[PDB]
Amino acid sequence: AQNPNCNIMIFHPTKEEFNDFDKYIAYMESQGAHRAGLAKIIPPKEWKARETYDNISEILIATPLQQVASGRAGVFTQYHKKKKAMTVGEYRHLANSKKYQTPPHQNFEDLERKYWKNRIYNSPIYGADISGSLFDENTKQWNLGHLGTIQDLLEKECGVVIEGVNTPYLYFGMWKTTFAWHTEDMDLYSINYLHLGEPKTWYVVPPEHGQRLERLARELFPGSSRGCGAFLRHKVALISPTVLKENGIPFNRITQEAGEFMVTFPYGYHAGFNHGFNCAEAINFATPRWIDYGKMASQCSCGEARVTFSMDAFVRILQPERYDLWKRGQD
Ligand SMILES: O=C(O)CNC(=O)C(=O)O
Ligand SMILES: [Mg+2]
Ligand code: NI
Ligand SMILES: [Zn+2]
């Protein structure tokens with residue numbers, strides 16, 4: 001088996017290899033990339049997502065989210081307080097303010113230490129889940145707004161036609177902005193392009209050891225766990241590398257920089273944080289290998305996780321038994 005230790009692999013495709021998205025994904029998986037739950041793809045030096053980012057201030061962040069933490073430094077939940085709309089310009093200015101800016105630090109490692117030590121005592125503001133794209137339409141390779149859709153994949157593989165669409169989202173981050181421990185909706189893949197700004201650090205549990213993470217989470221958030229059989233779908237829980245190491249949870253970490261893609265793989269739990277002002281674009285996608293993961297994916301039926309229009313049809317076709325009870329949580 002390739003990559004038996006489930007290490008995060010880093011790919012350096014040539015521009016020739018960068019033309020066929022699906023085939024390169026299959027290539028990475030032939031080399032065992034998926035076992036880690038996360039891979040890094042450095043685009044060819046000739047490739048550009050767009051000409052410049054000169055004009056992005058005028059994007060509106062309709063509902064910025066203030067990420068308020070509770071608990072201890074290594075084990076905390078966050079809640080998202082809705083704030084008033086602001087432009088990307090205003091957000092960038094806020095990110096650079098003294099209150100919110102990245103502190104002085106020696107290197108990524110020192111910054112990571114400060115993140116995990118000090119996260120809970122601050123409440124950064126995240127512009128997350130903004131429908132849109134920053135890829136130039138003339139970018140033909142690895143354009144997150146022009147991927148084949150999950151609905152089209154489901155149709156090619158299983159012959160069924162469903163409603164739904166699948167479009168990218170932008171994320172505007174600042175120092176300490178956090179994405180909690182999760183897998184994708186329906187345990188899909190995700191792909192994330194860091195367009196500009198400061199880095200994003202990622203942590204990931206190998207898909208084959210996902211249940212160990214879940215087991216630890218039930219022990220760390222025992223009431224959340226009683227309330228919902230798939231409470232990690234709420235995307236609120238954080239567990240530090242230290243606490244994962246202490247409980248024998250296998251994981252890896254890696255830092256994504258501006259200009260780099262990350263792909264999460266089916267059932268690869270991930271979490272992370274931003275080093276400073278940045279902008280990422282991400283979208284879910286599927287492959288033939290996804291289909292069984294989609295059939296086995298846990299669902300939030302407590303009603304917190306409250307997910308997309310398009311997810312209805314995935315659950316209805318792949319999880320027809322769950323479909324009656326799941327939609328009661330989604331209605
Ligand atoms: O970038 C973020 O804040 C969160 N992104 C993801 O969880 C992802 O791309 O799968
Ligand atoms: Mg603009
Ligand atoms: Ni994700
Ligand atoms: Zn729930």
# chains A, B, ... in the order shown; residues from 1 in each chain; ligands from 1

$ select_by_dssp --residues "region 254-320 of chain A" --states "strand (DSSP E)" --output "PyMOL selection string"
chain A and resi 254-256+261-264+270-274+278-285

$ write_last_selection --atoms "N, CA and C atoms" --output "tab-separated table (two decimals), in the first residue's frame"
chain	number	residue	atom	x	y	z
A	254	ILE	N	0.27	20.79	8.64
A	254	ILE	CA	0.96	21.42	7.57
A	254	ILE	C	0.45	22.83	7.42
A	255	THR	N	1.31	23.73	6.93
A	255	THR	CA	0.96	25.11	6.72
A	255	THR	C	0.84	25.37	5.21
A	256	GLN	N	-0.32	25.92	4.81
A	256	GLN	CA	-0.59	26.32	3.43
A	256	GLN	C	-0.22	27.77	3.27
A	261	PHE	N	-2.75	25.11	-3.30
A	261	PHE	CA	-3.98	24.35	-3.09
A	261	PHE	C	-3.82	23.32	-1.98
A	262	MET	N	-4.92	23.06	-1.25
A	262	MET	CA	-5.02	21.91	-0.34
A	262	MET	C	-6.25	21.15	-0.76
A	263	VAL	N	-6.20	19.81	-0.75
A	263	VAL	CA	-7.35	18.94	-1.00
A	263	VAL	C	-7.56	18.12	0.28
A	264	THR	N	-8.79	18.17	0.83
A	264	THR	CA	-9.20	17.24	1.87
A	264	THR	C	-9.93	16.08	1.22
A	270	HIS	N	-10.45	17.63	9.67
A	270	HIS	CA	-9.47	18.67	9.66
A	270	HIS	C	-9.93	19.87	10.48
A	271	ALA	N	-8.92	20.64	10.88
A	271	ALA	CA	-9.10	21.85	11.67
A	271	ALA	C	-7.90	22.71	11.40
A	272	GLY	N	-7.99	23.97	11.77
A	272	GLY	CA	-6.89	24.85	11.58
A	272	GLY	C	-7.16	26.28	11.97
A	273	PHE	N	-6.20	27.13	11.63
A	273	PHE	CA	-6.31	28.56	11.92
A	273	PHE	C	-5.52	29.40	10.93
A	274	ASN	N	-5.86	30.69	10.90
A	274	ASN	CA	-5.16	31.63	10.01
A	274	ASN	C	-4.10	32.46	10.73
A	278	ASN	N	-6.03	37.01	5.31
A	278	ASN	CA	-5.95	36.25	4.07
A	278	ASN	C	-7.31	36.04	3.42
A	279	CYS	N	-7.30	35.38	2.27
A	279	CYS	CA	-8.48	35.05	1.49
A	279	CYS	C	-8.27	33.70	0.83
A	280	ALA	N	-9.15	32.75	1.16
A	280	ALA	CA	-9.19	31.44	0.54
A	280	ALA	C	-10.49	31.19	-0.17
A	281	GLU	N	-10.41	30.33	-1.19
A	281	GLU	CA	-11.58	29.91	-1.96
A	281	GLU	C	-11.67	28.41	-1.89
A	282	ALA	N	-12.84	27.87	-1.64
A	282	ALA	CA	-12.98	26.46	-1.51
A	282	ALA	C	-14.33	25.97	-2.05
A	283	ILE	N	-14.37	24.69	-2.38
A	283	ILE	CA	-15.54	24.04	-2.87
A	283	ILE	C	-15.45	22.52	-2.63
A	284	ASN	N	-16.60	21.89	-2.47
A	284	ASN	CA	-16.60	20.44	-2.37
A	284	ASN	C	-16.62	19.83	-3.76
A	285	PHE	N	-16.12	18.60	-3.85
A	285	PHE	CA	-16.17	17.83	-5.07
A	285	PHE	C	-16.21	16.36	-4.79

$ residues_around --residues "region 2-11 of chain A" --least-positions-apart "3" --cutoff "10 Å" --atoms "only C-alpha atoms" --output "PyMOL selection string"
chain A and resi 14+24+28-43+204-208+250-254+261-262

$ write_last_selection --atoms "C-alpha atoms" --output "short mmCIF file (atom, residue, chain, number, x, y, z; two decimals), in the first residue's frame"
data_model
loop_
_atom_site.label_atom_id
_atom_site.label_comp_id
_atom_site.auth_asym_id
_atom_site.auth_seq_id
_atom_site.Cartn_x
_atom_site.Cartn_y
_atom_site.Cartn_z
CA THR A 14 3.80 20.37 -14.33
CA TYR A 24 -4.38 14.30 -11.30
CA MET A 28 -2.37 11.55 -6.18
CA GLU A 29 -4.56 8.74 -4.79
CA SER A 30 -2.52 6.07 -6.68
CA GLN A 31 0.43 7.39 -4.62
CA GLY A 32 -1.59 7.06 -1.41
CA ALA A 33 -2.20 10.79 -0.83
CA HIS A 34 -5.77 10.21 0.45
CA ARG A 35 -4.61 8.14 3.38
CA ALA A 36 -3.47 11.32 5.16
CA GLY A 37 -6.87 12.99 4.66
CA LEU A 38 -5.10 16.10 3.23
CA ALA A 39 -2.65 16.93 0.46
CA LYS A 40 -0.83 20.00 -0.78
CA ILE A 41 -0.74 20.88 -4.48
CA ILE A 42 1.75 23.51 -5.56
CA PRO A 43 0.58 24.87 -8.88
CA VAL A 204 -5.82 16.38 9.88
CA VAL A 205 -6.69 12.89 11.04
CA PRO A 206 -6.25 10.01 8.54
CA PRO A 207 -9.68 8.85 7.31
CA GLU A 208 -9.04 5.27 8.53
CA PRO A 250 -2.96 9.97 14.93
CA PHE A 251 -2.72 13.27 13.07
CA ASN A 252 -0.55 15.48 10.90
CA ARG A 253 -0.08 19.18 10.38
CA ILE A 254 0.96 21.42 7.57
CA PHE A 261 -3.98 24.35 -3.09
CA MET A 262 -5.02 21.91 -0.34
#

$ closest_atom_pairs --of "chain A" --to "ligand 2" --cutoff "6 Å" --atoms "only C-alpha atoms and all ligand atoms" --output "JSON lines"
{"residue": "A:55", "atom": "CA", "partner": "ligand 2", "partner_atom_place_in_ligand_line": "1 (Mg)", "distance": 4.3}
{"residue": "A:56", "atom": "CA", "partner": "ligand 2", "partner_atom_place_in_ligand_line": "1 (Mg)", "distance": 3.4}
{"residue": "A:57", "atom": "CA", "partner": "ligand 2", "partner_atom_place_in_ligand_line": "1 (Mg)", "distance": 4.5}
{"residue": "A:58", "atom": "CA", "partner": "ligand 2", "partner_atom_place_in_ligand_line": "1 (Mg)", "distance": 3.3}
{"residue": "A:59", "atom": "CA", "partner": "ligand 2", "partner_atom_place_in_ligand_line": "1 (Mg)", "distance": 4.7}

$ atom_distance --atom1 "CA of residue 52 (chain A)" --atom2 "CA of residue 178 (chain A)"
26.6 Å

$ residues_near_ligand --ligand "ligand 1" --cutoff "6 Å" --atoms "only C-alpha atoms and all ligand atoms" --output "PyMOL selection string"
chain A and resi 179+190-192+282

$ closest_residue --among "A:48, A:218, A:114, A:233" --to "ligand 4" --atoms "only C-alpha atoms and all ligand atoms"
A:233

$ residues_near_ligand --ligand "ligand 4" --cutoff "6 Å" --atoms "only C-alpha atoms and all ligand atoms" --output "PyMOL selection string"
chain A and resi 228+230-231+300-305

$ closest_residue --among "A:15, A:82, A:275, A:235" --to "ligand 3" --atoms "only C-alpha atoms and all ligand atoms"
A:235

$ atom_distance --atom1 "CA of residue 125 (chain A)" --atom2 "CA of residue 65 (chain A)"
5.2 Å

$ select_by_dssp --residues "region 11-163 of chain A" --states "alpha helix (DSSP H)" --output "VMD selection string"
chain A and resid 21 to 30 88 to 95 108 to 118 150 to 158

$ closest_residue --among "A:211, A:225, A:78, A:310" --to "residue 126 (chain A)" --atoms "only C-alpha atoms"
A:78

$ atom_distance --atom1 "CA of residue 229 (chain A)" --atom2 "CA of residue 311 (chain A)"
18.4 Å

$ residues_around --residues "residue 243 (chain A)" --least-positions-apart "2" --cutoff "10 Å" --atoms "only C-alpha atoms" --output "NGL selection string"
:A and (73-75 or 216 or 239-241 or 245-249)

$ write_last_selection --atoms "C-alpha atoms" --output "mmCIF file, in the first residue's frame"
data_model
loop_
_atom_site.group_PDB
_atom_site.id
_atom_site.type_symbol
_atom_site.label_atom_id
_atom_site.label_comp_id
_atom_site.auth_asym_id
_atom_site.auth_seq_id
_atom_site.Cartn_x
_atom_site.Cartn_y
_atom_site.Cartn_z
ATOM 1 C CA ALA A 73 -6.733 26.369 25.808
ATOM 2 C CA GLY A 74 -6.472 22.823 24.396
ATOM 3 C CA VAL A 75 -10.173 21.900 24.409
ATOM 4 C CA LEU A 216 -12.096 11.372 21.861
ATOM 5 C CA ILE A 239 -8.886 20.011 20.234
ATOM 6 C CA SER A 240 -5.190 20.993 20.303
ATOM 7 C CA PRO A 241 -2.255 18.981 18.940
ATOM 8 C CA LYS A 245 -0.860 13.597 21.206
ATOM 9 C CA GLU A 246 -1.831 12.983 24.878
ATOM 10 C CA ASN A 247 -4.760 10.753 23.775
ATOM 11 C CA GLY A 248 -2.856 8.840 21.047
ATOM 12 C CA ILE A 249 -4.871 10.307 18.158
#

$ residues_around --residues "region 149-161 of chain A" --least-positions-apart "5" --cutoff "10 Å" --atoms "only C-alpha atoms" --output "list in words"
residues 166, 167, 188, 284, 285, 286, 287, 288, 290, 291, 310, 313, 314, 317 and 318 of chain A

$ write_last_selection --atoms "N, CA and C atoms" --output "short mmCIF file (atom, residue, chain, number, x, y, z; two decimals), in the first residue's frame"
data_model
loop_
_atom_site.label_atom_id
_atom_site.label_comp_id
_atom_site.auth_asym_id
_atom_site.auth_seq_id
_atom_site.Cartn_x
_atom_site.Cartn_y
_atom_site.Cartn_z
N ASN A 166 -23.50 23.54 -7.12
CA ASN A 166 -22.29 23.37 -6.34
C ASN A 166 -21.38 24.50 -6.75
N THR A 167 -21.18 25.49 -5.88
CA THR A 167 -20.42 26.68 -6.25
C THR A 167 -19.40 26.98 -5.15
N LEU A 188 -17.75 14.53 1.59
CA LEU A 188 -17.15 14.87 0.29
C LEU A 188 -15.69 15.24 0.44
N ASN A 284 -16.60 21.89 -2.47
CA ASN A 284 -16.60 20.44 -2.37
C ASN A 284 -16.62 19.83 -3.76
N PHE A 285 -16.12 18.60 -3.85
CA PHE A 285 -16.17 17.83 -5.07
C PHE A 285 -16.21 16.36 -4.79
N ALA A 286 -16.49 15.59 -5.83
CA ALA A 286 -16.59 14.13 -5.66
C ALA A 286 -15.83 13.44 -6.74
N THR A 287 -15.50 12.19 -6.44
CA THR A 287 -14.95 11.24 -7.38
C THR A 287 -15.69 9.90 -7.26
N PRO A 288 -15.38 8.94 -8.14
CA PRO A 288 -16.06 7.68 -7.96
C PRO A 288 -15.83 7.06 -6.59
N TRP A 290 -15.47 8.55 -3.72
CA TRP A 290 -16.38 9.16 -2.76
C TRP A 290 -17.73 8.40 -2.50
N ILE A 291 -18.30 7.73 -3.49
CA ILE A 291 -19.72 7.33 -3.41
C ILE A 291 -20.04 6.54 -2.14
N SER A 310 -28.65 21.58 -1.87
CA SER A 310 -28.10 20.51 -2.69
C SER A 310 -27.84 19.21 -1.90
N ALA A 313 -30.68 16.32 -1.80
CA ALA A 313 -30.73 15.29 -2.82
C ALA A 313 -29.70 14.23 -2.61
N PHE A 314 -28.51 14.57 -2.09
CA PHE A 314 -27.50 13.54 -1.81
C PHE A 314 -28.03 12.55 -0.78
N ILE A 317 -30.89 10.33 -2.21
CA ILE A 317 -30.47 9.22 -3.08
C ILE A 317 -29.52 8.22 -2.41
N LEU A 318 -28.51 8.73 -1.70
CA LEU A 318 -27.53 7.85 -1.05
C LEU A 318 -27.97 7.28 0.29
#

$ residues_around --residues "residue 237 (chain A)" --least-positions-apart "6" --cutoff "7 Å" --atoms "only C-alpha atoms" --output "PyMOL selection string"
chain A and resi 76-78+180-181

$ residues_around --residues "residue 297 (chain A)" --least-positions-apart "5" --cutoff "9 Å" --atoms "only C-alpha atoms" --output "PDB file with N, CA and C atoms, in the first residue's frame"
ATOM      1  N   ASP A 185     -19.535  18.024   4.353  1.00  0.00           N
ATOM      2  CA  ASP A 185     -20.882  17.550   4.110  1.00  0.00           C
ATOM      3  C   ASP A 185     -20.826  16.267   3.274  1.00  0.00           C
ATOM      4  N   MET A 186     -21.565  15.262   3.731  1.00  0.00           N
ATOM      5  CA  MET A 186     -21.673  13.992   3.056  1.00  0.00           C
ATOM      6  C   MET A 186     -20.307  13.324   2.897  1.00  0.00           C
ATOM      7  N   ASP A 187     -19.361  13.732   3.754  1.00  0.00           N
ATOM      8  CA  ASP A 187     -17.946  13.350   3.674  1.00  0.00           C
ATOM      9  C   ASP A 187     -17.373  13.459   2.300  1.00  0.00           C
ATOM     10  N   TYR A 267     -13.919  11.770   4.461  1.00  0.00           N
ATOM     11  CA  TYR A 267     -13.786  11.471   5.864  1.00  0.00           C
ATOM     12  C   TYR A 267     -12.436  11.816   6.539  1.00  0.00           C
ATOM     13  N   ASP A 292     -19.203   5.554  -1.785  1.00  0.00           N
ATOM     14  CA  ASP A 292     -19.432   4.803  -0.540  1.00  0.00           C
ATOM     15  C   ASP A 292     -19.326   5.639   0.735  1.00  0.00           C
ATOM     16  N   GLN A 319     -28.856   7.994   0.997  1.00  0.00           N
ATOM     17  CA  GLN A 319     -29.260   7.631   2.379  1.00  0.00           C
ATOM     18  C   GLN A 319     -30.780   7.699   2.534  1.00  0.00           C
TER      19      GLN A 319
END

$ closest_residue --among "A:196, A:296, A:128, A:325" --to "ligand 3" --atoms "only C-alpha atoms and all ligand atoms"
A:128

$ decode --residues "region 101-131 of chain A" --atoms "N, CA, C and O atoms" --output "PDB file, in the first residue's frame"
ATOM      1  N   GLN A 101      -4.205  42.115  14.991  1.00  0.00           N
ATOM      2  CA  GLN A 101      -3.061  41.738  14.122  1.00  0.00           C
ATOM      3  C   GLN A 101      -2.248  40.586  14.694  1.00  0.00           C
ATOM      4  O   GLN A 101      -2.236  40.327  15.913  1.00  0.00           O
ATOM      5  N   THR A 102      -1.571  39.897  13.787  1.00  0.00           N
ATOM      6  CA  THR A 102      -0.599  38.903  14.151  1.00  0.00           C
ATOM      7  C   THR A 102       0.469  39.508  15.064  1.00  0.00           C
ATOM      8  O   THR A 102       0.957  40.643  14.805  1.00  0.00           O
ATOM      9  N   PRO A 103       0.797  38.781  16.150  1.00  0.00           N
ATOM     10  CA  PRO A 103       1.843  39.282  17.054  1.00  0.00           C
ATOM     11  C   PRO A 103       3.209  38.985  16.476  1.00  0.00           C
ATOM     12  O   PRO A 103       3.325  38.171  15.544  1.00  0.00           O
ATOM     13  N   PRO A 104       4.250  39.610  17.043  1.00  0.00           N
ATOM     14  CA  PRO A 104       5.645  39.273  16.682  1.00  0.00           C
ATOM     15  C   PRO A 104       5.964  37.843  17.040  1.00  0.00           C
ATOM     16  O   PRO A 104       5.493  37.373  18.061  1.00  0.00           O
ATOM     17  N   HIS A 105       6.722  37.159  16.198  1.00  0.00           N
ATOM     18  CA  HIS A 105       6.981  35.740  16.356  1.00  0.00           C
ATOM     19  C   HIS A 105       8.230  35.393  15.524  1.00  0.00           C
ATOM     20  O   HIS A 105       8.500  36.042  14.532  1.00  0.00           O
ATOM     21  N   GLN A 106       8.944  34.344  15.908  1.00  0.00           N
ATOM     22  CA  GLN A 106      10.150  33.903  15.201  1.00  0.00           C
ATOM     23  C   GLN A 106       9.902  33.174  13.898  1.00  0.00           C
ATOM     24  O   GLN A 106      10.675  33.329  12.950  1.00  0.00           O
ATOM     25  N   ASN A 107       8.858  32.345  13.866  1.00  0.00           N
ATOM     26  CA  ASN A 107       8.621  31.395  12.764  1.00  0.00           C
ATOM     27  C   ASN A 107       7.255  30.774  12.916  1.00  0.00           C
ATOM     28  O   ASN A 107       6.588  31.082  13.871  1.00  0.00           O
ATOM     29  N   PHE A 108       6.832  29.907  12.003  1.00  0.00           N
ATOM     30  CA  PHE A 108       5.495  29.300  12.082  1.00  0.00           C
ATOM     31  C   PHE A 108       5.288  28.562  13.431  1.00  0.00           C
ATOM     32  O   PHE A 108       4.221  28.665  14.061  1.00  0.00           O
ATOM     33  N   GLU A 109       6.325  27.859  13.877  1.00  0.00           N
ATOM     34  CA  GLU A 109       6.261  27.057  15.095  1.00  0.00           C
ATOM     35  C   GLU A 109       5.969  27.907  16.351  1.00  0.00           C
ATOM     36  O   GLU A 109       5.150  27.542  17.229  1.00  0.00           O
ATOM     37  N   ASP A 110       6.617  29.051  16.422  1.00  0.00           N
ATOM     38  CA  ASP A 110       6.422  29.961  17.529  1.00  0.00           C
ATOM     39  C   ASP A 110       5.020  30.551  17.447  1.00  0.00           C
ATOM     40  O   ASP A 110       4.358  30.728  18.468  1.00  0.00           O
ATOM     41  N   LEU A 111       4.573  30.860  16.227  1.00  0.00           N
ATOM     42  CA  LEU A 111       3.223  31.339  16.029  1.00  0.00           C
ATOM     43  C   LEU A 111       2.146  30.292  16.440  1.00  0.00           C
ATOM     44  O   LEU A 111       1.146  30.640  17.064  1.00  0.00           O
ATOM     45  N   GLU A 112       2.378  29.029  16.088  1.00  0.00           N
ATOM     46  CA  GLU A 112       1.496  27.933  16.427  1.00  0.00           C
ATOM     47  C   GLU A 112       1.344  27.795  17.953  1.00  0.00           C
ATOM     48  O   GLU A 112       0.241  27.600  18.459  1.00  0.00           O
ATOM     49  N   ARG A 113       2.474  27.891  18.650  1.00  0.00           N
ATOM     50  CA  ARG A 113       2.529  27.883  20.100  1.00  0.00           C
ATOM     51  C   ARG A 113       1.672  29.004  20.652  1.00  0.00           C
ATOM     52  O   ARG A 113       0.868  28.778  21.543  1.00  0.00           O
ATOM     53  N   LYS A 114       1.823  30.203  20.107  1.00  0.00           N
ATOM     54  CA  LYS A 114       1.029  31.316  20.568  1.00  0.00           C
ATOM     55  C   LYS A 114      -0.443  31.184  20.244  1.00  0.00           C
ATOM     56  O   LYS A 114      -1.295  31.635  21.058  1.00  0.00           O
ATOM     57  N   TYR A 115      -0.752  30.622  19.065  1.00  0.00           N
ATOM     58  CA  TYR A 115      -2.143  30.315  18.712  1.00  0.00           C
ATOM     59  C   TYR A 115      -2.780  29.461  19.828  1.00  0.00           C
ATOM     60  O   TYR A 115      -3.824  29.863  20.374  1.00  0.00           O
ATOM     61  N   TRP A 116      -2.174  28.297  20.125  1.00  0.00           N
ATOM     62  CA  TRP A 116      -2.817  27.313  21.010  1.00  0.00           C
ATOM     63  C   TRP A 116      -2.825  27.740  22.487  1.00  0.00           C
ATOM     64  O   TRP A 116      -3.712  27.371  23.244  1.00  0.00           O
ATOM     65  N   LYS A 117      -1.856  28.554  22.849  1.00  0.00           N
ATOM     66  CA  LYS A 117      -1.748  29.121  24.166  1.00  0.00           C
ATOM     67  C   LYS A 117      -2.777  30.232  24.399  1.00  0.00           C
ATOM     68  O   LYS A 117      -3.382  30.321  25.477  1.00  0.00           O
ATOM     69  N   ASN A 118      -2.976  31.064  23.395  1.00  0.00           N
ATOM     70  CA  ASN A 118      -3.731  32.294  23.561  1.00  0.00           C
ATOM     71  C   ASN A 118      -5.075  32.431  22.821  1.00  0.00           C
ATOM     72  O   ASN A 118      -5.761  33.445  23.051  1.00  0.00           O
ATOM     73  N   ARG A 119      -5.431  31.459  21.960  1.00  0.00           N
ATOM     74  CA  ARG A 119      -6.636  31.528  21.116  1.00  0.00           C
ATOM     75  C   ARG A 119      -7.900  31.943  21.887  1.00  0.00           C
ATOM     76  O   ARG A 119      -8.588  32.899  21.488  1.00  0.00           O
ATOM     77  N   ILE A 120      -8.162  31.238  22.994  1.00  0.00           N
ATOM     78  CA  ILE A 120      -9.410  31.372  23.725  1.00  0.00           C
ATOM     79  C   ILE A 120      -9.639  32.739  24.350  1.00  0.00           C
ATOM     80  O   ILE A 120     -10.781  33.136  24.607  1.00  0.00           O
ATOM     81  N   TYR A 121      -8.561  33.468  24.567  1.00  0.00           N
ATOM     82  CA  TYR A 121      -8.663  34.799  25.150  1.00  0.00           C
ATOM     83  C   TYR A 121      -8.963  35.916  24.143  1.00  0.00           C
ATOM     84  O   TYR A 121      -9.001  37.094  24.512  1.00  0.00           O
ATOM     85  N   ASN A 122      -9.129  35.560  22.876  1.00  0.00           N
ATOM     86  CA  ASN A 122      -9.514  36.520  21.872  1.00  0.00           C
ATOM     87  C   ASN A 122     -10.672  36.014  21.056  1.00  0.00           C
ATOM     88  O   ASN A 122     -10.991  34.826  21.089  1.00  0.00           O
ATOM     89  N   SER A 123     -11.307  36.952  20.356  1.00  0.00           N
ATOM     90  CA  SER A 123     -12.451  36.670  19.520  1.00  0.00           C
ATOM     91  C   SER A 123     -12.256  37.268  18.129  1.00  0.00           C
ATOM     92  O   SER A 123     -12.798  38.336  17.811  1.00  0.00           O
ATOM     93  N   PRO A 124     -11.494  36.553  17.263  1.00  0.00           N
ATOM     94  CA  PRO A 124     -11.304  37.075  15.910  1.00  0.00           C
ATOM     95  C   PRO A 124     -12.616  37.010  15.094  1.00  0.00           C
ATOM     96  O   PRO A 124     -13.586  36.337  15.464  1.00  0.00           O
ATOM     97  N   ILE A 125     -12.628  37.750  14.009  1.00  0.00           N
ATOM     98  CA  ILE A 125     -13.785  37.894  13.172  1.00  0.00           C
ATOM     99  C   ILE A 125     -13.426  37.193  11.881  1.00  0.00           C
ATOM    100  O   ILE A 125     -12.346  37.444  11.349  1.00  0.00           O
ATOM    101  N   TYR A 126     -14.266  36.214  11.472  1.00  0.00           N
ATOM    102  CA  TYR A 126     -14.128  35.436  10.212  1.00  0.00           C
ATOM    103  C   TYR A 126     -15.200  35.812   9.186  1.00  0.00           C
ATOM    104  O   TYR A 126     -16.385  35.800   9.519  1.00  0.00           O
ATOM    105  N   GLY A 127     -14.793  36.097   7.949  1.00  0.00           N
ATOM    106  CA  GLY A 127     -15.708  36.220   6.852  1.00  0.00           C
ATOM    107  C   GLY A 127     -15.682  34.912   6.135  1.00  0.00           C
ATOM    108  O   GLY A 127     -14.917  34.714   5.213  1.00  0.00           O
ATOM    109  N   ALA A 128     -16.565  34.033   6.535  1.00  0.00           N
ATOM    110  CA  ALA A 128     -16.624  32.700   6.012  1.00  0.00           C
ATOM    111  C   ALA A 128     -17.890  32.451   5.231  1.00  0.00           C
ATOM    112  O   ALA A 128     -18.883  33.075   5.491  1.00  0.00           O
ATOM    113  N   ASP A 129     -17.833  31.513   4.293  1.00  0.00           N
ATOM    114  CA  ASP A 129     -18.990  31.022   3.579  1.00  0.00           C
ATOM    115  C   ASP A 129     -19.716  32.074   2.689  1.00  0.00           C
ATOM    116  O   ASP A 129     -20.972  32.078   2.554  1.00  0.00           O
ATOM    117  N   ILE A 130     -18.894  32.882   2.007  1.00  0.00           N
ATOM    118  CA  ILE A 130     -19.335  33.896   1.088  1.00  0.00           C
ATOM    119  C   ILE A 130     -19.323  33.265  -0.298  1.00  0.00           C
ATOM    120  O   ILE A 130     -18.252  32.986  -0.878  1.00  0.00           O
ATOM    121  N   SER A 131     -20.511  33.046  -0.844  1.00  0.00           N
ATOM    122  CA  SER A 131     -20.629  32.506  -2.195  1.00  0.00           C
ATOM    123  C   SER A 131     -19.928  33.428  -3.181  1.00  0.00           C
ATOM    124  O   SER A 131     -20.173  34.621  -3.202  1.00  0.00           O
TER     125      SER A 131
END
